[PDB]
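Spelled out, the chains give:
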Amino acid sequence: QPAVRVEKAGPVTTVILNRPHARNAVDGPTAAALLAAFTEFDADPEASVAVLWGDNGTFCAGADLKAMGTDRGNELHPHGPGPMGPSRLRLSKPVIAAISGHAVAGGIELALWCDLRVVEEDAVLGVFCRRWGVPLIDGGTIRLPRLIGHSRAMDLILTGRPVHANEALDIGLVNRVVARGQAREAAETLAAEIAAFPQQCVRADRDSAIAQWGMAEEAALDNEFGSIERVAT
Amino acid sequence: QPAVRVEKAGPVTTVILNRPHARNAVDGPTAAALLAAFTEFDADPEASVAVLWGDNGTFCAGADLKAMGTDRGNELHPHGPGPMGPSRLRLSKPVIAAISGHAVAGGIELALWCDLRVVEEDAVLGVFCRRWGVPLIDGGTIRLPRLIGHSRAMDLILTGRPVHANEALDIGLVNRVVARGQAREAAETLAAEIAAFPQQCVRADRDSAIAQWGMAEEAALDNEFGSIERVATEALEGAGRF
Amino acid sequence: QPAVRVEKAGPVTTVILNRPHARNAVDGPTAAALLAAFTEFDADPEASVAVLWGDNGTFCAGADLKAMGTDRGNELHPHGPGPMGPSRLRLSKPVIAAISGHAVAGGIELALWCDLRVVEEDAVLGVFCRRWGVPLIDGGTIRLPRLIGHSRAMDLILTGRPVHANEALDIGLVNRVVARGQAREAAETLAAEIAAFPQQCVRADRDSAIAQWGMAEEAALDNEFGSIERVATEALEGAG
Ligand SMILES: [Cl-]
Ligand SMILES: [Cl-]
């Protein structure tokens, strides 16, 4: 019955969202638990790669709209943590989204906060909060243009339209498409593969790819150079 | 036969370029009129989404090469407005390009300045000014890479080659492809769809998506959080529905 | 037998990497020769576009792993030049990658440093250094996300996987795919096409497309406006 649970298999930690009646929507306490799970993952020396997976046939419907306006609603912190929980956490290690069913609104934002996205053939991603007038305040306006280009990003943001798996893959919004029911396993396999590689190197390259955004090239290249030292140590 | 005219249909404002002899090329006075049309749109509280449409079977051929070297030539302002007119204006509300025929040179730049692009199946986009030796000075060198990625932007910019609708859609250069004759209508329908959503929320998300470019992620996320206060009145007005 | 040579045909300069026993891997001395070749190109007023081509059926396998840990290894300079040689050089004129065989590790970074990439249909690109535990330190972490978007870049970087030509084209990692053995010719043809346009204007647009990254839009636009002055002489030359 816990909204969030964590299962580990060697160096891959799977963080699991489970709110069957709420289509894995995330309220205040669920957000805090998601944040706690990723903070533990980040600090855990034995954990190399995480997987974020929604249980029971869907990924995440976004913020819990029933709970908004109540004591259980998402917390609104100007400098973070983000309303969905970990959406402003800059992890030292990668996370793979394992998406079944719907990843919409705050749920697409959690997907986008992950480093890679594995989706099932019938899954749907979208900015559905467009319909409701609830703004993207879990990084969607920053990550969508950077992940897939401003043009496509503006399409998804302005229209709020659904994006199915084949289009999602074609435009780079997701990285793998697998059969129905297979997302968790495919993501965990991918995570295990990334975890088998030399880890300080994975982390130096990842951290640089993320940090370079918004930097002038010379400055970005000076930072990238620091990876040598990271992997010597 | 005014070069620029404006037609409104509820909350959608259509800005129409019409210079049949010049294939909708934009000289100085036309640029000023385009700028004024969009300035008016920006200030009109009843107007939610604009459509930029070229009349008589084409979008825009670029800056008017025939007006070059005359007092009808495009104006060159170091800090704006841009030569094509509205190309350095940051509108508070979105614009959709409705592209028939050609969107080339300064004309592809107008298309890129819009938020979304709907093109007809036989239309052609391109940095044709490459052949002419006329530089991109209406944001093309900035918006092409950010819109479709640096690699494809370099292809289009270096070669100046034509891009047909098929390829344009595949690479994200355009967002919708429709049948010949249908761009204005399809763009207007898409515009009405966007205008039917809660608008302060639309504008908050759009403004952040535009502004985050070049910012460090933390500062960008701090700015994005501002959207809560932007929609506060509108969320309350809609509290019943919600 | 020289590791690097240079051949010119009119305004197109082809820089050729040839280390057939080492799969065109780049050690310290080869890197220095690649840098010198591109430095010469950059200063050559008659050279308009460069082509980077690997001889003998492959492009470049990255840093020479056998030279690594010796005094022939790549040099490590905090502020440049880059270990592969020219990878931190911001050239005043464009370069086209002509890829056969493999462009991996440092080799994919040289490909990404070029402006355009023409690849052979059986060619393979990849971040193979992921397996080796050697970091991307020739701009791959910067150029990959900017070139094809953050999502696809993270795929390639984290997994280190091989990307074939068809996928490469589809995702914008390469710009043209041609038949086996034809990358050099196809790149030289494309280079000559680009060389035939007015060049000050090409260079103004290119420099602005590069410089704008990281800049706020407004500052980027102010910089872009400078292209008018850059082309002033050329515009008059072409006036009538
Ligand atoms: Cl895009
Ligand atoms: Cl991408």
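Residues numbered from 1 in each chain as written, not as in the entry; some residues may be left out. Chains lettered and ligands numbered in written order. Heavy atoms only, no water. Residues with missing side-chain atoms left out of burial classes, pairs and counts.

Colleague: How should I be thinking about the domain arrangement of chain A in this particular structure?
Modeller: Much of the literature gives interface size as the accessible area that the parts lose upon coming together. Residues and elements named next belong to chain A. According to the domain assignment, chain A consists of domain 1 (1–197) and domain 2 (198–233). Between domain 1 and domain 2, the C-alpha centre-to-centre distance is 25 Å. Counting from both sides, the interface comprises 13 residues of domain 1 and, opposite them, 9 residues of domain 2. Summing both partners gives a buried area of about 940 Å² for domain 1 against domain 2, and 51% of it is carried by carbon and sulfur. Together, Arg90, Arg146 and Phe197 form the three largest contributors to the area buried by domain 1 at its contact with domain 2, with a combined 48%. On the surface where domain 1 and domain 2 come into contact, there are 1 salt bridge. The salt bridge involving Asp115 is made with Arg206; its shortest N-O contact spans 2.8 Å. Taken together, domain 1 and domain 2 are joined by 5 residue pairs in polar contact. In terms of residue class, the side of domain 1 that touches domain 2 is made up of 7 nonpolar, 2 polar and 4 charged. (Domains from an automatic or database assignment. Contact = heavy atoms within 4.5 Å. Buried area = accessible area lost by both parts, 1.4 Å probe. Salt bridge = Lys/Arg side-chain N within 4 Å of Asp/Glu carboxyl O. Polar contact = N/O pair within 3.5 Å; in protein donor to acceptor, adjacent residues only side chain to side chain. Nonpolar A, V, L, I, M, F, W, Y, C, P; charged D, E, K, R; others polar.)

Colleague: Would you mind showing me how to read the interface of chain B and chain C here?
Modeller: Facing the 35 residues of chain B at the interface are 38 residues of chain C. In total, chain B and chain C occlude about 3,200 Å² of area from one another, counting both sides; carbon and sulfur atoms represent 59% of this. The salt bridge partner of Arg90 of chain B is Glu217 of chain C, with a shortest N-O separation of 3.8 Å. For the interface between chain B and chain C, the tally reads 21 residue pairs in polar contact. Ranked by the residues each element gives to the side of chain B that touches chain C, the list is headed by helix α5 (residues 150–159) of chain B, at 8 residues. Of the residues that constitute the side of chain B that touches chain C, the class distribution is 14 nonpolar, 11 polar and 10 charged. (Helix = DSSP H or I, 4+ residues; strand = E, 2+ residues; numbered from the N terminus.)

Colleague: Which parts of the structure should I look at to understand the interface of chain A and chain B?
Modeller: Each side of the interface is counted separately: chain A has 37 residues, and chain B has 39 residues. Taken over both partners, the interface formed by chain A and chain B buries close to 3,300 Å², and the fraction arising from carbon and sulfur atoms is 62%. Viewed at the interface, chain B and chain A are joined by 4 salt bridges. Note that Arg88 of chain A is salt-bridged to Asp222 of chain B, the shortest N-O span being 2.7 Å. Viewed at the interface, chain B and chain A are joined by 20 residue pairs in polar contact. Counting residues per element, the ones that place at least two in the side of chain A that touches chain B are α3 (129–132), α4 (140–148) and α5 (150–159) of chain A. With 8 residues, the top contributor of residues to the side of chain A that touches chain B is α5 of chain A. Here the side of chain A that touches chain B is built from residues that sort into 16 nonpolar, 11 polar and 10 charged.

Colleague: Sorry, what's going on with the packing of α4 of chain A against α5 of chain A here?
Modeller: Angle between the axes and distance between the axes: these two values describe a pair of packed helices. Residue and element names in this part refer to chain A. As a packed pair, α4 and α5 sit with axes 7 Å apart at the nearest point and diverge in direction by 135°. Here α5 runs oblique to α4, going by the angle between their axes. Crossing angle aside, the handedness with which α4 passes α5 is right-handed. The residues of α5 that touch α4, namely those facing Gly140, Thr141, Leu144, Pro145 and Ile148, are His150, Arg152, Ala153, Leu156 and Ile157. (Axes fitted to C-alpha atoms, helices over the stretch in contact; angles between N-to-C directions. Parallel < 35°, antiparallel > 145°, perpendicular 65-115°, else oblique. Left-handed = near helix turned anticlockwise from the far one by under 90°.)

Colleague: Just to check I follow, could you spell out the nonpolar core for this structure?
Modeller: Nonpolar side chains tend toward joint burial in soluble globular proteins. Ranked by internal contacts, the top residues of the largest apolar core, which has 67 residues, are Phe38, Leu52, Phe59, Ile99, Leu144 and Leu173 of chain A together with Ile96 of chain B. The element contributing the most residues to this core is helix α7 (residues 183–195) of chain B, with 6 residues. Listed in part, the 66 residues of the second largest apolar core include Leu116 and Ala187 of chain A together with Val4 and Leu112 of chain C. (Core = buried A, V, L, I, M, F, W, Y, C linked by side-chain atoms within 4.5 Å. Buried < 20%, exposed > 50% of the residue type's maximum accessible area, 1.4 Å probe, protein only.)

Colleague: I'm lost on the pairing of strand β2 (residues 12–17) of chain C in this one. Help?
Modeller: Consecutive residues of a regular strand have side chains that alternate between opposite faces of the sheet. Residues and elements named next belong to chain C. With respect to burial, β2 is a largely interior element, 6 of its 6 residues being buried. Sheet topology places strand β1 (residues 4–9) next to β2; 6 bridges connect them, and they run antiparallel. Along β2, the bridge assignment pairs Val6 with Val15. Where β1 folds back onto β2 in an antiparallel hairpin, the turn is made up of 2 residues, including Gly10, whose phi is positive at roughly 55°. In this fold, the crossover linking β2 to strand β3 (residues 49–54) by way of helix α1 (residues 28–43) has right-handed handedness. (Pairing = 2+ DSSP bridges. Right-handed = clockwise from strand over helix to strand, strands pointing away.)

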